[PDB]
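Notes for the one structure printed next.
Neighbour counts are summed over all protein chains in view; Cβ atoms, including those assigned to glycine, are modelled from backbone coordinates with ideal geometry. What follows draws every value from the coordinates through simple rules; no lab data is involved.
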């Protein structure tokens with residue numbers, strides 16, 4: 001019941017439409033850290049602490 | 001498929017639209033079928049699960 | 001709704017109002033909205049009359065037809081507008097206005113069309129609320145806020161209605177920055 005059909009006598013009998021959507025995404029920030037004191041590195045038993 | 005595109009401007013601007021603010025991309029074609037031996041085309045009708 | 005009636009000989013498609021009177025020798029050919037809902041601008045009465053003439057017949061305007069016999073020659077047809085025009089708001093309110101306390105913001109609108117008596121009424125929405133409070137006084141085409149303070153910020157809307165009921169609307173946001181109280 002909706003197939004486009006065209007007579008030989010001209011047209012303007014089948015016009016269509018189009019639509020477009022949008023997708024989104026967001027960013028975020030992360031981080032962390034630790035403290036330390038020279039001694040803890042040059043007096044600790046392990047040499048490769050850092 | 002024959003597709004005719006008339007971009008707005010100095011192409012689709014007649015005395016009924018002297019500014020040229022309209023375009024189109026009509027695509028028309030011809031299709032026909034001939035069932036030489038219909039007895040070799042079988043269908044089966046049955047319901048489908050939900 | 002604009003009722004169009006078209007004549008066979010003079011090729012005059014008188015675009016009367018909805019409650020009009022089709023003149024002698026003309027036949028009703030359809031009805032379309034001039035302020036088209038989904039596209040208010042970009043459409044003109046000339047466009048409405050064309051599509052209505054694209055369903056008629058060249059042999060006879062009544063007894064509708066189509067492309068091989070329709071009346072496509074818009075050059076010969078004369079559109080004699082006899083109906084009220086739109087209530088076009090020539091200059092609408094600025095979308096956003098910036099001011100400092102003590103300043104002055106004069107919002108303005110110019111209206112053209114409709115019936116002769118144009119009614120102007122203003123409205124104010126609180127800057128975070130959702131209901132539209134009704135601005136007392138006003139009843140004019142230009143609202144003037146003087147010595148504007150941080151309490152008077154928000155959205156101000158004017159609605160221009162004529163003697164028929166074809167109201168056109170326009171809004172403006174007034175953000176008046178100030179030191180916090």
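Can you work out the FRET efficiency for the pair residue C:179 and residue C:139, with r the C-beta to C-beta distance and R0 = 35 Å, to the nearest 0.05?
Values: r = 34 Å, r/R0 = 0.98.
For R0 = 35 Å, the calculated efficiency reads 0.55.
Going highest first, how would you order C:138-144, C:44-50, C:18-24 by mean Cβ packing within 10 Å?
Working: C:138-144: 14.0, C:44-50: 17.0, C:18-24: 11.0.
Going by the mean number of other Cβ atoms within 10 Å, highest first, we get C:44-50, C:138-144, C:18-24.
222 nm [θ] for chain A, helices only, -39500 (n - 2.57) per DSSP H run of 4+, per residue, to 500?
On the way: 1 runs with 5 residues, N = 50.
Taking each H run of at least 4 residues, the total per residue is -2000 deg cm²/dmol.
When the helices in chain C are scored as -39500 (n - 2.57) per DSSP H run of 4 or longer and the sum is shared across all residues, what 222 nm value do you end up with, to the nearest 500 deg cm²/dmol? Please report the intermediate quantities before stating the final value.
Values: 1 runs with 9 residues, N = 181.
So the calculated ellipticity at 222 nm is -1500 deg cm²/dmol.
Classify the protein assembly as shown: rounded, prolate or oblate, from the alpha-carbon gyration tensor (a ≥ b ≥ c, eigenvalue square roots; a/c under 1.5 rounded; otherwise prolate if a/b is larger than b/c)?
Details: a/c = 3.07, a/b = 1.27, b/c = 2.41.
Verdict is oblate for the protein assembly as shown.
Give me a single rounded figure for A:1-11: the average over its residues of other chain Cβ atoms within 10 Å of their Cβ. The partial results should precede the final answer.
Numbers: counts 0, 0, 0, 3, 0, 4, 3, 1, 4, 5, 4.
Shielding by partners across A:1-11 averages 2.
How many nm is it between the label spots at residue C:80 and residue A:18, if each spot is 7 Å from the Cα in line with the beta carbon?
Distance between the two pseudo-spin positions: 4.4 nm.
Quickly work out the residue B:10-to-residue C:22 label distance, labels modelled 7 Å from Cα along the C-beta direction, and quote it in nm with one decimal.
4.5
Could you put A:36, A:18, C:32 in order, starting from the residue whose Cβ has the fewest other Cβ atoms within 10 Å?
Values: A:36 9, A:18 4, C:32 17.
The fewest-first ordering by Cβ neighbours comes to A:18, A:36, C:32.
Relative contact order (percent) for the range C:1-57, with alpha-carbon contacts under 8 angstrom and 6 or more residues of separation? The partial results should precede the final answer.
Values: 77 pairs, mean separation 18.8, N = 57.
Contact order relative to length: 33 percent.
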